Amino acid sequence: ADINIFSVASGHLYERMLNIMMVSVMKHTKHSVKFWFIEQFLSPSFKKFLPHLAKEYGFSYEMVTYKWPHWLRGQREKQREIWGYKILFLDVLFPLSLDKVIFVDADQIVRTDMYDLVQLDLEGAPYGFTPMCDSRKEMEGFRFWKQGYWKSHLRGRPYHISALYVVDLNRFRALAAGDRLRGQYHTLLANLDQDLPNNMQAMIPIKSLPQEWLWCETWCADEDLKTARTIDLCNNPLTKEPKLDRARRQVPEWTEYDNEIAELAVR
Ligand SMILES: O=c1ccn([C@@H]2O[C@H](COP(=O)(O)OP(=O)(O)O)[C@@H](O)[C@H]2O)c(=O)[nH]1
Ligand SMILES: [Ca+2]
């Protein structure tokens with residue numbers, strides 16, 4: 001497929017949002033699309049519905065199986081285990097033939113042709129992430145990456161949000177980036193999937209994507225929603241507003257797509 005996207009949904013609401021994310025992709029491209037899912041994180045309900053969604057929305061899909069390695073420190077907390085599956089296994093989840101994959105959070109709405117991201121030149125970096133927004137000024141106290149350890153550590157590199165990233169799997173494998181990330185994970189990560197790649201940039205470069213690639217209201221100004229290519233419903237450490245409430249109000253298409261999926265289910 002032209003576009004290859006990987007995501008995870010563990011939890012009822014994340015599954016509901018993942019179906020919507022997938023629909024949002026298909027509304028904005030006429031390229032071929034394949035979704036990749038990790039077997040362990042597929043529930044019976046989701047697995048049952050998935051082929052219907054595929055026959056309606058015109059995507060293909062494949063499951064990968066990868067057991068957390070015995071020698072690799074585990075995560076007792078499910079949420080952190082999931083975040084680990086996002087980042088620790090990029091060289092081993094997928095077939096060797098797969099050239100490139102894009103990770104998109106389940107709680108996203110896409111508003112762009114994701115082939116644009118497939119075509120985007122990473123300029124030798126094995127993966128690309130969007131910088132955190134600076135624009136919403138009221139949230140400065142929560143921008144921990146501008147404080148203490150991170151300002152010094154980053155040496156002028158951005159701190160990037162891990163909701164969306166494109167991985168040149170060939171370059172990533174050639175650089176042995178997976179072994180390096182797993183080695184650093186052992187050595188050291190409150191934000192496991194985000195702190196790790198941002199910490200390792202000198203060793204494993206990030207291509208900083210243009211800012212429009214990922215908008216989250218937590219960090220980003222209202223005025224920049226209109227030019228956002230994708231939207232993430234990232235948790236807001238100030239308001240603690242429930243994600244479902246945010247999904248209903250943020251952009252009109254979330255409810256549009258949820259309703260469309262509901263009508264598919266009636267059939
Ligand atoms: O209980 C969870 C927590 C996280 N995730 C997956 O991990 C991603 C990142 O976590 P989340 O979106 O909750 O983080 P935020 O963007 O809110 O900081 C989610 O979109 C899901 O794909 C999940 O499936 N179940
Ligand atoms: Ca998210």
Side-chain angles (χ1 to χ4, degrees), residues 3-7 25 83 86-88 90-91 99-105 107-137 139-140 142-178 180-181 184-185 188-221 223-235:
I3 296 159
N4 292 271
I5 289 164
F6 146 60
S7 192
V25 171
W83 297 343
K86 287 185 57 169
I87 199 63
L88 291 176
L90 294 170
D91 55 331
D99 300 315
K100 183 162 283 174
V101 72
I102 300 157
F103 178 87
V104 184
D105 263 7
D107 63 324
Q108 292 218 228
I109 301 85
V110 168
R111 292 181 157 186
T112 202
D113 189 341
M114 295 302 292
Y115 197 66
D116 292 354
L117 193 53
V118 174
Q119 289 183 305
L120 188 146
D121 188 355
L122 300 182
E123 298 177 325
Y127 47 20
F129 293 71
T130 315
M132 278 286 182
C133 291
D134 274 329
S135 55
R136 188 175 291 282
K137 299 296 176 169
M139 295 297 288
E140 198 73 5
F142 294 96
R143 293 195 173 77
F144 60 83
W145 56 89
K146 306 176 93 175
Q147 304 164 12
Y149 168 70
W150 282 109
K151 179 183 145 54
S152 173
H153 186 76
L154 289 164
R155 300 168 185 93
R157 298 188 173 85
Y159 184 94
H160 304 84
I161 193 163
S162 61
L164 169 73
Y165 46 99
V166 55
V167 187
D168 176 341
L169 289 164
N170 300 320
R171 185 73 180 136
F172 188 96
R173 177 169 298 98
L175 293 171
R180 296 190 162 202
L181 286 171
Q184 182 71 337
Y185 166 75
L188 307 167
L189 295 171
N191 308 292
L192 177 55
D193 57 307
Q194 191 172 82
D195 290 339
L196 187 61
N198 279 304
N199 165 279
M200 286 284 284
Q201 293 182 69
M203 305 260 268
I204 304 169
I206 293 172
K207 169 57 178 177
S208 301
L209 300 179
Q211 194 65 55
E212 66 204 85
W213 275 98
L214 193 296
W215 182 100
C216 178
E217 192 188 63
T218 301
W219 309 113
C220 313
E223 283 201 311
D224 297 321
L225 181 52
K226 331 174 276 283
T227 55
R229 286 180 178 260
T230 81
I231 294 144
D232 187 68
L233 299 174
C234 80
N235 281 324

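Along the sequence shown, residues carry numbers from 1. When reading the values below, keep in mind they use all heavy atoms of this one structure, side chains included, and skip hydrogens, waters and symmetry mates.
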Can you tell me if [X] uses its side chain to pair, donor with acceptor, with the backbone of [Y] under 3.5 Å?
X    : Y    : result
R155 : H153 : yes
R111 : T230 : no
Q211 : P131 : yes
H160 : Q194 : no
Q201 : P158 : yes
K100 : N4   : no

Atom [atom1] in [X], atom [atom2] in [Y]: separation rounded to 0.5 Å?
X    : Y    : atom1 : atom2 : result
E217 : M139 : CD    : CE    : 9.5 Å
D91  : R180 : CG    : CZ    : 12.5 Å
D121 : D168 : CG    : CG    : 10.0 Å

With side chains defined as the heavy atoms from C-beta onward, is the minimum distance between [X] and [Y] less than 4.5 Å?
X    : Y    : answer
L164 : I102 : yes
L122 : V166 : yes
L181 : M203 : no
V110 : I231 : no
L175 : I204 : no
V101 : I5   : no
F6   : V167 : no
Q108 : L233 : no

Show the nearest heavy-atom pair for residues [X] and [Y], with the distance to one decimal.
X    : Y    : answer
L214 : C220 : O-SG, 4.4 Å
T218 : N235 : OG1-O, 3.3 Å
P197 : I206 : O-CD1, 3.6 Å
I87  : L192 : CG2-O, 4.2 Å

### Task
Taking atom CD of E223 as the centre, report whether more than 12 heavy atoms of other residues, nucleotides or ligands fall under 6.0 Å from it.
no

So, are [X] and [Y] salt-bridged, with charged N and O less than 4.0 Å apart?
X    : Y    : result
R229 : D116 : yes
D105 : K86  : yes
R143 : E140 : yes

Which residues pass the side chain to side chain contact (heavy atoms under 4.5 Å, CB included) test with [X], sequence neighbours left out?
X    : value
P205 : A125, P126
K151 : none
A221 : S135, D224

### Task
Starting from the C-alpha separation in whole Å, work towards a yes-or-no answer on side chain to side chain contact (heavy atoms under 4.5 Å, CB included) for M114 and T112.
CA-CA 6 Å; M114 295 302 292; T112 202; 3.8 Å; yes

### Query
Hey, mind stepping through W150 and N198 against side chain to side chain contact (heavy atoms under 4.5 Å, CB included) and telling me if it holds?
CA-CA 9 Å; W150 282 109; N198 279 304; 3.9 Å; yes

## Note on the structure
Residue set satisfying ring-ring contact (aromatic ring centres under 6.0 Å, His included) with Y185, at least two apart, ordered chain then number -> none

#### Entry: Counterpart residues, ring-ring contact (aromatic ring centres under 6.0 Å, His included), relative to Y115 (two or more places apart)
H31

### Side-chain donor-acceptor pair present, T227, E212, cut-off under 3.5 Å
no

### Message
Under 3.5 Å, is there a donor on one side chain and an acceptor on the other for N191 and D195?
### Response
yes

### Query
Under 6.0 Å between the ring centres of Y127 and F129?
yes

### Query
What ring pair (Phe, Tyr, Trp, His ring centres under 6.0 Å) pairs are there with at least one residue in residues 200-219, not counting sequence neighbours?
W145-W219

### Message
Using the rule given for side chain to side chain contact (heavy atoms under 4.5 Å, CB included), can you reason through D99 versus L169, listing the C-alpha separation, both sets of side-chain angles and the distance that settles it, and then say yes or no?
### Response
CA-CA 5 Å; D99 300 315; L169 289 164; over 6 Å; no

### Task
Decide yes or no on ring pair (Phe, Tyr, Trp, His ring centres under 6.0 Å) for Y159 and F144, but give the supporting numbers first.
CA-CA 10 Å; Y159 184 94; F144 60 83; 5.3 Å; yes

### Task
With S162 as reference, evaluate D193, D232, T130 under the side-chain hydrogen bond (donor to acceptor under 3.5 Å, both in side chains) test and give the passing residue.
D193

### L117 and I3: CA distance, side-chain angles, deciding distance, side chain to side chain contact (heavy atoms under 4.5 Å, CB included) verdict
CA-CA 9 Å; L117 193 53; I3 296 159; over 6 Å; no

### Task
Would you indicate whether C216 and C234 have their SG atoms under 2.5 Å apart?
yes

